[PDB]
Protein chains: 2
Amino acid sequence: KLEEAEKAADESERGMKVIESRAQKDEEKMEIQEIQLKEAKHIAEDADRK
Amino acid sequence: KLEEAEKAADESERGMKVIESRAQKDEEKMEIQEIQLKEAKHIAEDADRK
């Protein structure tokens, strides 16, 4: 049961590492896409201002 | 150790679910900011075009 509970922790932790690494990749990509959106929008606003 | 391993199962699994929720929020924000980046770039393209 300790192996099952610890394995549930270890496997859910690996699950977590993959989806936390995914959250990190999605977070970095969303920040990049958000900064690029802010800039593409700021370019659009700058182009609208122009 | 089993109680702590079950608490770790809960924390690594709750972690995995909080991270899955965060990864989903960051994935949706990634997907929302890339779709809206493509739109913000098309607005920049339209803003530059107009």
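The numbers here are math on the coordinates, done by the rules we state, and not lab data. Counting neighbours? That spans all protein chains shown, and the Cβs are built from the backbone with ideal geometry, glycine included.
Can you tell me which residue among B:7, B:50 is within 27 Å of residue A:42 (Cα to Cα), surrounded by fewer than 15 Cβ atoms within 10 Å (Cβ to Cβ), more than 7 Å from chain A (Cβ to nearest Cβ) and not hydroxyl-bearing (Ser, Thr, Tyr)? None of the other options fit; the residue is B:50. In the set A:39, A:27, only one residue is within 20 Å of the chain's Cα centre (by Cα), at the interface with chain B (Cβ under 7 Å from one of its Cβ atoms) and surrounded by 15 or more Cβ atoms within 10 Å (Cβ to Cβ); that residue is A:27.
In the set (1) farther than 30 Å from residue B:10 by Cα; (2) more than 19 Å from the chain's Cα centre (by Cα); (3) within 7 Å of another protein chain (Cβ to nearest Cβ); (4) of a type outside the set (D, E, K, R), residue A:33 fails one condition alone, (2).
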